[PDB]
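Okay, so here's just one chain, in structure tokens, the form deposited in one PDB entry.
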């Protein structure tokens, strides 16, 4: 139809020793990884919130608790898939997703295409409706010191 909606998402996680670095579903070689419930995939979380936001469904904290037995061990791609399911349940179709990762290190350019392919598969979208961008923070703040990684996302949906 013509009932378009926009959503915007934000996430950040600390970088800590002793955990794999997983962003956009991609395991990236690195001496640290993101701290959170399961894989702490900051990019998928930001997209997830943008999609909930566009459908006016709240946010991750309203949908996915640590205690739901359906979602206890769930990695962030299972949660992205569930998000997409609830968006459809509310009567919306996803039109496109754009996003930005902010990380001072490691280099993410080798991994961007795989992230895009993972997101497109999880959202049942063609590749040309999914975009992932990657920036440093020019050595400013906790991002520039390598203390965490931020992701931003925007999503367009339509109510059919």
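Numbering follows the first chain given and starts at 1. Residues that one form lacks are left out of the comparison. Only the largest set of C-alpha atoms that superpose within 1.5 Å between the two forms is called the rigid core.
Same protein, other form: the form deposited in another entry, not shown, and the subject of what follows.
The only C-alpha among 69, 61, 126, 29 that moves by 2 Å or more between this form and the one not shown, given a superposition on the rigid core, is that of 69. Wider separation of the C-alpha atoms of residue 57 and residue 71, by 3 angstroms or more, is seen in the other form than in the present form. Annotation: residue 73/residue 41 CA-CA distance shorter in the other form than in the displayed model, change of at least 3 Å. Taking the core as reference, just one block of three or more adjacent residues between this form and the one not shown has all its Cα positions offset by 2 Å or more: 66-74.
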